[PDB]
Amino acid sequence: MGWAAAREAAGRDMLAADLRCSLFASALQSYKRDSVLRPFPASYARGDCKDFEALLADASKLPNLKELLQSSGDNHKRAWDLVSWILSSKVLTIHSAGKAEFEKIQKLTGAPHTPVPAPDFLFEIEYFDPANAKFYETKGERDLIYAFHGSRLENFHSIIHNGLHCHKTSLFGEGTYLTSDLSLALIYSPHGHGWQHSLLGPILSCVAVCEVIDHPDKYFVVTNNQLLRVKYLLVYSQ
């Protein structure tokens, strides 16, 4: 939450820090920013009134993270307040994974079935307690299944903080679409605009790898949000 703690977080894992900045930039740029940029930095809201022009303005003046970490403020207070906000969570963290990691995800999802591309970047999501212990409690003796969910890039800031995919709900039969076949997930992950100063590249596509408690529920739909969580992000840079 502080400048000193963000500097440390960004330092450990640049790519994870950059992914968060990129997903923020994607949600903020979107014409759907009001709906997709949730959570929204409180410092840019009077009441329920979101200062999007002030936000777009400060986000566009952000240097890349190597440049930010070489500055240490103090005239760059706005940049650090925003980046420190982007990098904050008491619920979870994002970590960089290798590419021998894709082999692990392909093992958990089985034989690729359809030929598909390897992600350019891989990220693992760590959940904190109570939620992480609660998840395994709900799991019990049941085994964990791994399936994919693709989405437009402007939706992953929200997916990573609120999960898939929240329930005003209003309609019946609502739930998350999953598939063991990444090729099917990928057609729902088109390239979207990221961040111009990203180490990942400015145009990205992102697929979620979901950890599902095996319960009675080619693709399938999970109606109970308590029995799944996002565990990995597969990032492709155009």
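Throughout, we count residues from 1 along the sequence that is shown.
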- Looking at the other compared entries that model residues on both sides of it, is residue 217 unmodelled in at least a third of them? yes
- Message: Over the set of other compared entries for this protein, does residue 149 lack coordinates in at least a third of them?
- Response: no
- Item | Sequence continuity check, residue 217 and residue 218 (deposited residues unmodelled) | 10 or more
- Message: Does the chain run continuously from residue 107 to residue 108, or are deposited residues unmodelled in between? Answer none, 1 to 3, 4 to 9, or 10 or more.
- Response: none
- Higher mean Cα B-factor in the deposited model: 35 to 43 or 63 to 71? 63 to 71
- Message: Averaging CA B factors per stretch from the PDB record, which one is higher: 80 to 88 or 127 to 135?
- Response: 127 to 135
- Considering only 94, 118, 145, 164, which residue's Cα atom bears the greatest B-factor as recorded? 164
- Which has the highest CA B-factor per the PDB entry: 48, 181, 58, 211? 48
- For residue 171, does the deposited CA B-factor place it in the lowest, middle or highest third of the chain? highest
- Message: By the recorded C-alpha temperature factor, relative to the other modelled residues in its chain, which third is residue 6 in?
- Response: middle
